[PDB]
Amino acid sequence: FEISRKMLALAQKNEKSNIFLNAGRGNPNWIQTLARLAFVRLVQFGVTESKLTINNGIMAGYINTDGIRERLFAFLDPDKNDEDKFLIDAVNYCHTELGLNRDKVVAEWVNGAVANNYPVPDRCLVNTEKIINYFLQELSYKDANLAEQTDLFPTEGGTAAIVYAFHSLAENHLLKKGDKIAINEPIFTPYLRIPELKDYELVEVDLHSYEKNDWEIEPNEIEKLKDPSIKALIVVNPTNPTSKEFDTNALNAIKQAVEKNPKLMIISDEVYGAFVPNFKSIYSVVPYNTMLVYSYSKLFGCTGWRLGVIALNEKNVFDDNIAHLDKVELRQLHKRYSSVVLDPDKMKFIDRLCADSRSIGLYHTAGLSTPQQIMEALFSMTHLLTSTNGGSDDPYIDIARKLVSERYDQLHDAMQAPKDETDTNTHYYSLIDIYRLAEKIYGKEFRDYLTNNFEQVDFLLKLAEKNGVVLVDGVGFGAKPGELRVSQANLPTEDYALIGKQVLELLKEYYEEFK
């Protein structure tokens, strides 16, 4: 699965386009402000607190937990600053709704923001974990009450989450050479470039319901999924770049596959979940069997913070499958982890993920930075405080959905391209068939000439020229031929209608050349 040599070369002309072209991710041009500014205040307050113990030039000291809430509340000015009012409300919420001690929460956030200590414990800060658990539940579990039975491991984005997942599955003999794994259409190729995937046999599954059937999944795709040899199902839900969440038939098919094979392991990458109304996590459907990979990146516009989370149920299939390995393998895993833990046989996979991430020896200084964890906690709190529709929505979320949909409509109306307006489209990316569009406007003869004579780089360099730029960030091509791929995250809203019209100009210009 090598990246197009041409797309790699095109990125040399403008590296800013490299992530969308070659990594396949749309970087948002919006940010959420509230958590970012709340973080600032925690640091300011913490520095002030620290000078009470040591105060020498630019050196301060340490912070005492006793009475910290009272001192923070006194330091804040909720009448002047929205961040300050948010900090008080968030701490009080943690107390009244989550049952947490206000001093411990404030101390965690302040020490965490100031960043004066190694992450303790290694896997996740204790108050933060409870916050993220409840946030994930509101956001994506619907009526599944799992927040109290779920363990979390914050990571350096969903990027680090996936790298750690694959490594720990290999190290723990859960994925072995020759194992068959199911992946959802369209396969997110950056994941397939992880070297170890070459040792596994990959099976692409299409769980969409077609009119071909009585609006149901192809029997053949169902059998591929329910194959007793599929050891793990790795999915991106909603999909990149097709932008669709799994509907009821797809979620039912998955639950049936687990009913059939209780040992099935599932990793679900759900970063785009919040962009669809009434999102239902795969973890909420089959929690025993699922590793949930969440990323704050796209909703909150914090791709630079590297904020991901791995979620596992306290009772799960990864731990049970390790328990059913051969004494020989179990004896190798006993030794692997005994160097650093007293009872390695009962060490949970969520903790092995953390040990594995720093090669066992450096496990006791493992963990995501405390500033990243507090950022995760604060973004999480903005939601917990303002959620609607059972936890699915919040005012910021509503704005984010409207922003990507407006960009999408703008592009599609300007280009006269077919729109998907269902509640299952995130509208984060668009895939437009330029060949079908060229045939509609000019005819079959032009399409064939275009099909035979189309170079994607020439197209993108001509588009860049129309906009007086070297290369347009957020426009490229999908896996299929003549399938234009656009991100509604990357450009200013007003650029979308403009790109749409520019594409029709290019197609005319190609038609006049054809003649």
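A residue's number is simply how far along the shown sequence it sits, counting from 1.
Asks: So, looking at the entry's B-factor column for Cα atoms, which has the higher mean, 140 to 148 or 109 to 117?
Replies: Stretch with the higher mean C-alpha B-factor: 140 to 148.
Asks: Quick check on the record: does 447 to 455 or 60 to 68 carry the larger mean Cα temperature factor?
Replies: The stretch with the larger average C-alpha B-factor is 447 to 455.
Asks: Can you tell me which of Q372, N92, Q416, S359 has the highest Cα temperature factor in the record?
Replies: If I rank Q372, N92, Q416, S359 by C-alpha B-factor, first place goes to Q416.
Asks: Kindly indicate the residue among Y442, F73, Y296, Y134 with the greatest C-alpha B-factor in the PDB record.
Replies: The listed residue with the largest C-alpha B-factor is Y442.
Asks: Test of reading the entry: by CA B factor among the chain's modelled residues, which third contains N220?
Replies: CA B-factor rank for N220: highest third.
Asks: Please say which third, lowest, middle or highest, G478 falls into when its CA temperature factor is compared across its chain.
Replies: CA B-factor rank for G478: highest third.
Asks: In terms of the CA temperature factor given in the entry, to which third of its chain does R436 belong: lowest, middle or highest?
Replies: For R436, the deposited C-alpha B-factor lands in the highest third.
Asks: Should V309 be placed in the lowest, middle or highest third of its chain by the C-alpha B factor in the entry?
Replies: CA B-factor rank for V309: middle third.
Asks: State the tercile, meaning the lowest, middle or highest third, of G46 with respect to the CA B-factors recorded for its chain.
Replies: Bottom third by C-alpha B-factor.
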